[PDB]
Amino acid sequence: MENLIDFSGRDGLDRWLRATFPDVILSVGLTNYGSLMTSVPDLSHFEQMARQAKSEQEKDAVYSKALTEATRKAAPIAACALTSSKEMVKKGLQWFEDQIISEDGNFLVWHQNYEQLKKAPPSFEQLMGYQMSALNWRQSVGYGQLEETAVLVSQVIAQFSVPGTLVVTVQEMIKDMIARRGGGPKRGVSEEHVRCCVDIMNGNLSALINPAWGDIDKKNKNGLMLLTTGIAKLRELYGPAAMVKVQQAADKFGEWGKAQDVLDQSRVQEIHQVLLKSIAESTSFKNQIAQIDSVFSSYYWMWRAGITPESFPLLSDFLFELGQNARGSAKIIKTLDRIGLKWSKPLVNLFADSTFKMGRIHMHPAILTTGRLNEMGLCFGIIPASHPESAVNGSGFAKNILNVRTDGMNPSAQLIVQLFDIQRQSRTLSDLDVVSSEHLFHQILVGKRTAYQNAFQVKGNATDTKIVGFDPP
């Protein structure tokens, strides 16, 4: 149908809010920005049904029900209206057509490798390209009209204060968090670029032509070649003996290449020089490069799924219904396949759930999964565009919790540690990724005060934070 989220100016937005939600007063009593939240939901009855879940999916279902219940009312309404207003949609979708037409390098480096990124972790350039695109998208469409909706330029949170009773769990969340992001990409227990470098150290010049990680000179998320850091890790684990064996592989390869007639002679000098370079500099957090910009990726996704300004309201409505009850990737994928809208099947085709075998935390932020539909819900699912008055019932998506206050008694931390215990007691094997309590907490520690803020330009390491307790006076 039609998009009834329509207004001109900041004054227009406020009048739109008054008309559409006439019998409610938006409240910051528990949130950073006006919301429907009037009480901290109770969740510890979910704790018990977590223990007695049997199958994988019913484990997921219990945590998802808790997550929905906790975040049902916390969304910052004005920010949501802005994100899915008739004018924002039109401008937001249009931006991508422009990068295509202008062949924008920063946009294309990851976009037209979408297929590869469903399987492989991204390079540095592909991460930076994305992050630069998010910032430029936000500028182009004028997204930062609200404090809720801003680009952040600051430092991660150095001290996080919680009620004394929460301190223990919060600290083990930081440990858990630290252990997850101590990457990079792992197939088994070990790091892959390392095991490929051992493969190189043993001869096996084949590991040089086609590295496990892709291109020989590929740079990791911190701008360093995998081959360089790989050779570093070897000298550390398997001592300086492992380093002489690497040089032997270098020499064996150089000798092989001149004697060989098959591989191209330019590529021989590429591999050899890059390998010698890596050996050389083997002996040796300004931003958040892997940060998902929820808003920009959600817009990329619905552009990729063929959403038009016209079709947008049915998507919004679909997401709004998702937000009403627990979700399930199996049931989601059936729902999407059995409603037959033009965008339905192209959206499903984007999912990476079955193709990304590594930890999801290593996947490029522009890559969609059934899990990452909770990102789209923040943008277009809190307010159903064709019947906006229905938002008064609320709509629960994970990162709504980013809008919950961390001051006073810290309702946010209370909600977070309750979600963390439910998730831990579900004892699930699934990669909760973008709705796991530790990912959520990490967003908070980076300093996000809603989900609509971009925190790429935030300096420092969020897991370094000091957890500080306070008691009642």
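Residue numbers here begin at 1 and follow the sequence given.
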Report summary line: According to the PDB record, deposited residues with no modelled atoms between residue 284 and residue 285 number 4 to 9
Report task. Determine, for stretches 360-368 and 273-281, which one has the higher mean CA B-factor as deposited. Result -> 273-281
Query - Which of 119-127 and 202-210 has higher mean CA B factor, as the PDB entry lists it - result: 202-210
Requested in this report: Would you mind checking which of 172, 375, 87, 264 has the top Cα temperature factor in the PDB entry?
Outcome: 264
Query raised in the report: Which is it among 304, 73, 258, 111: the one with the largest CA B-factor in the entry?
Result: 258
Query raised in the report: For residue 149, does the deposited CA B-factor place it in the lowest, middle or highest third of the chain?
Result: lowest
**Report entry** For residue 219, the third of its chain into which the C-alpha B factor falls
**Finding:** middle
Report summary line: For residue 59, the third of its chain by CA B-factor is the middle
Report task. Please rank the C-alpha B-factors of the chain's modelled residues and tell me whether residue 240 sits in the lowest, middle or highest third. Result -> highest
Requested in this report: Would you please rank residue 344 by its C-alpha temperature factor against the other modelled residues of its chain and give the third it falls in: lowest, middle or highest?
Outcome: highest
